[PDB]
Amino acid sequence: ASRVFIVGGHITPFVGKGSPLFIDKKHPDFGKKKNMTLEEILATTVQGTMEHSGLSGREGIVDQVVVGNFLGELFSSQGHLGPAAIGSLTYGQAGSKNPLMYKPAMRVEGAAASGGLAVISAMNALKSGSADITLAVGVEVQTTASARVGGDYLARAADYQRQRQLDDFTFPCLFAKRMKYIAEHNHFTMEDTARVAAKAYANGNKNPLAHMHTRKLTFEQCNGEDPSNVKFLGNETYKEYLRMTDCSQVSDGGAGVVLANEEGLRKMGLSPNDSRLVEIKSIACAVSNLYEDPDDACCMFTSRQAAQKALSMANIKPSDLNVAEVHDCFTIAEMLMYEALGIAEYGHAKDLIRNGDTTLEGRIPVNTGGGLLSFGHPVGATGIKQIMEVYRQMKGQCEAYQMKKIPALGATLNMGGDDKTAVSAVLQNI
């Protein structure tokens, strides 16, 4: 196979309610200035990604662009982000010369796995001989509607005919439903999930890019002792299993990554041992049936398939991983992800979180920058963000949450819907 290299990338701040970067009634610039649009975020992400990757002034050597985005058609009335990305380099500079003109571009989608799917597409282009350098960007804007209205948009990721009726907050409810079963089988507890949140917010507190950077929450708060941490669902059956702090954020943001094969490195004037690089040893996608759910809510069968293929293609095992990024769309999902990735055996994610093994100082740090819970979750961006966080830790770029032991191996696990699409990648430092 042709090898694949992460050359560089960019994560915007992730912003929404609770961030000082978000312009609401509590902001100096309220009334004066607006938050970024989808087009603006896409422009910032594309330009930021080119800059960090050392391509400013030679963007014409990028052969192709893939955008990951889930709901731009709903939140921003805008599809067709392929040609949006082609215009993103020189956005708002009318008539300007554009070195991306006529290149291939498209949007890919699998709910919150859209970013990961974007990386896969780019990687297939690189191994197919139709590209030597690709740009994969993911973006999302979700703050243009309430959390309730957004919850109906996010339900586009579920089997909508079958599952929308559970609750206006369809996804939160689907994970609350997992938690009920999880509790009845004593797989792990609501204490355990509160410990996940405490970790995430503590990690976020060290990350200025994080949506929840300025919010502090104690274990006790996340564990429900605060009455402002409401059990907000409407469905009576599942209401008691989910608190606000268990939920990923409604965020706006972008993440981008430039990927290259060996011929692309050559073109950029780079060697395969260049210390700015990280190798993607493997990536893998697994998709289950939208229309049918397994009974065992304590196992994410699809995410487990993806993680298994990826580590296998990389010829490593979970115990070899030094860092991971997992899809904590809820605290409940982070626990399940530990077991789907394999860093915990079935029923033993509880051990890991009770023992601090996934904190910054633990033996397998996870979601070092705050996860979907604190860093935030602009759905389309998440999958690429995960890649870039492992990259940044590997390159010593994470500042206040930088790991003291630079990780040699990392893994990502990105998930769309209720474990219906999963994408997992193994990353090796250089």
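Start at 1 and count along the sequence shown; that's the residue number.
Engineer: Between 129-137 and 250-258, which has the higher average C-alpha B-factor in the PDB entry?
Structural biologist: Per the PDB entry, the higher value belongs to 129-137.
Engineer: Please work out which of 224-232 and 197-205 has the higher mean CA B-factor as recorded in the PDB entry.
Structural biologist: The recorded data point to 224-232.
Engineer: Tell me, please, which of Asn289, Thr170, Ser77, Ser96 has the highest C-alpha B factor according to the deposited entry?
Structural biologist: Reading the PDB entry, the winner on C-alpha B-factor is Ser96.
Engineer: Taking the Cα B-factors listed in the entry, which of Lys385, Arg392, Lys34, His377 comes out highest?
Structural biologist: Comparing C-alpha B-factors across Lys385, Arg392, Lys34, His377, the top value belongs to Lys34.
Engineer: Which third of the chain holds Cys398 when residues are ordered by C-alpha B factor: lowest, middle or highest?
Structural biologist: Its C-alpha B-factor, which the entry lists for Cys398, ranks in the highest third among residues of this chain.
Engineer: Check where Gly68 lands among this chain's C-alpha B-factors and tell me if it's the lowest, middle or highest third.
Structural biologist: Lowest third, going by the recorded CA B-factors of the chain.
Engineer: Sorting the chain's CA B-factors, does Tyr102 end up in the lowest, middle or highest third?
Structural biologist: Middle third.
Engineer: Report the third (lowest, middle or highest) to which the CA temperature factor of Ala425 belongs, ranking only the modelled residues of the same chain.
Structural biologist: Lowest third.
Engineer: Lowest, middle or highest third: where is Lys267 by C-alpha B factor in its chain?
Structural biologist: Highest third of the chain for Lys267's C-alpha B-factor.
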